[PDB]
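First, one chain by itself in structure tokens, the form deposited in one PDB entry.
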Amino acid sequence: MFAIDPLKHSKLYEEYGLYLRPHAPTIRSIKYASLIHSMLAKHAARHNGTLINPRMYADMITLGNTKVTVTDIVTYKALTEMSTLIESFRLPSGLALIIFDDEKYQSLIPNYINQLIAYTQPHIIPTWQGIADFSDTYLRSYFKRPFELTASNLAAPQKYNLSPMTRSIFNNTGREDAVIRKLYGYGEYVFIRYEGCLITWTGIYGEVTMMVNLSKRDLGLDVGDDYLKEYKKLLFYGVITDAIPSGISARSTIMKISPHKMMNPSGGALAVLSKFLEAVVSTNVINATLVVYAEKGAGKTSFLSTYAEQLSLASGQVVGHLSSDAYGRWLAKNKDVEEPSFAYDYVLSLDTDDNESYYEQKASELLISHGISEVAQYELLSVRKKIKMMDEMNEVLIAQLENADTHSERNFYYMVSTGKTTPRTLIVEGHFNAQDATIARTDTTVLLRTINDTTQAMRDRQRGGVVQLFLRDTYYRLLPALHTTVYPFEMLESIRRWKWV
């Protein structure tokens, strides 16, 4: 007895790769589960949506030890109807409750099942990477089982003992399903259709998997391809499933491409992005602003310019984008001018990569004051000396946030945000959570995550590197993961799901 009724809702389990055996006691059990779902949906909707006595329904369904028979009375009629319907099954033990461990599965569970969870030990099925495992008892009995065809395993079904009504087929041979279907006697069987690809990359610490929301025909890679080739579609759509620090880097080749299920975005990330879009479209709000944090090296500007272009073309209004280090590159030039230019185009003109930052110069002096110039000199130091140097850098990060003065940072973001020629919807990146009291006032702020090992990418920059790595360490030591964690495909999907005009 599953949470979501498979006889009613077949397509959702078809998406997971689970097909129904055609028409034994399992068939009777699954039909009795369908009748129990229908009866519960009748009784619960007759009230506001709450069951009358949820532990009684839970015990009658799960345990089968309770028989309610009345020979007020009107308050128990809903229980007596359920009691006759359970008595007329004659099971030796009651039906169990089955839940998958996936978020997309739990968002579709009806409310009465959620009420019945709290008074019943469910049978929770864990998932590997979003797909429920197939060695479990209930799935092996009810649904038909997959079969994996590879470049070695490929043969006729008569070489095995495969049957149509018990075995389903999943290929990853790279050949087309029509070719394998009409060339190998696989016409009678049924195939699993997946849409994502799961790529295991070679990294320094070991092999690294990667889940990609695109398809294998779209994301055109083959076995032995570089990491920089098709880097941007991977950045837009990929997610590393391993523990940080993962070892993905610019030297990474691949090992195998396997089809896999798509990913589903979280509820909280779509909620925060939808609240931002509600702030964009409304005329009650004057200034709309998003704040996006990332570790120094995650590659956020090359995505957020594309995000701004998507939002601009989809909403029609002009989105202005402030960079991550606009304040440092502005303070490098105007630390001595009494009254500087707070205009928007003058700030965005000084935003290129040739313009050095103020914090990078001060951290370079802080590194050279301890005789550190190389990465091999910095990594060789112990942790406590690094913490000492990071506190010496915190003593100069604190000096620009403490008060609202004409060279401060809170005044800078005030005068840029509330200008006359500034765009309406703005997007501002940050570096640490203390800067949120300084960056202009919002309702939404997120923390972005990409497919990058940030300490690995800073080892490979052609210029500097040591100051970049030291500032990365200071910034990672300054911000925790205390806001919502938002991947790039979540933002692109949140743009797509919002209806316009």
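Position 1 is the first residue in the sequence shown; the rest follow in order. What we label the rigid core is the largest C-alpha set whose atoms superpose within 1.5 Å from one form to the other.
Chemist: Please figure out whether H23 and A24 are truly consecutive in the deposited sequence or have unmodelled residues between them, and give none, 1 to 3, 4 to 9, or 10 or more.
Modeler: The entry leaves 10 or more residues without coordinates here.
Omitted from view is the form deposited in another entry, to which the following refers.
Chemist: Quick one: with the rigid core lined up, which of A151, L380, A243, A118 moves its CA 2 Å or more between this form and the one not shown?
Modeler: After core superposition, the single residue displaced by 2 Å or more is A118.
Chemist: For a quick test of reading the superposition: does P92 move by 2 Å or more at the CA between this form and the one not shown, rigid core aligned?
Modeler: Yes; that C-alpha moves by at least 2 Å between this form and the one not shown.
Chemist: Note yes or no: does the Cα of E402 move by 2 Å or more between this form and the one not shown after the core is superposed?
Modeler: Shift at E402: below 2 Å after core fit.
Chemist: Relative to the superposed rigid core, does the CA atom of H43 travel 2 Å or more between this form and the one not shown?
Modeler: Yes, because once the rigid core is superposed, the C-alpha of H43 moves 2 Å or more between this form and the one not shown.
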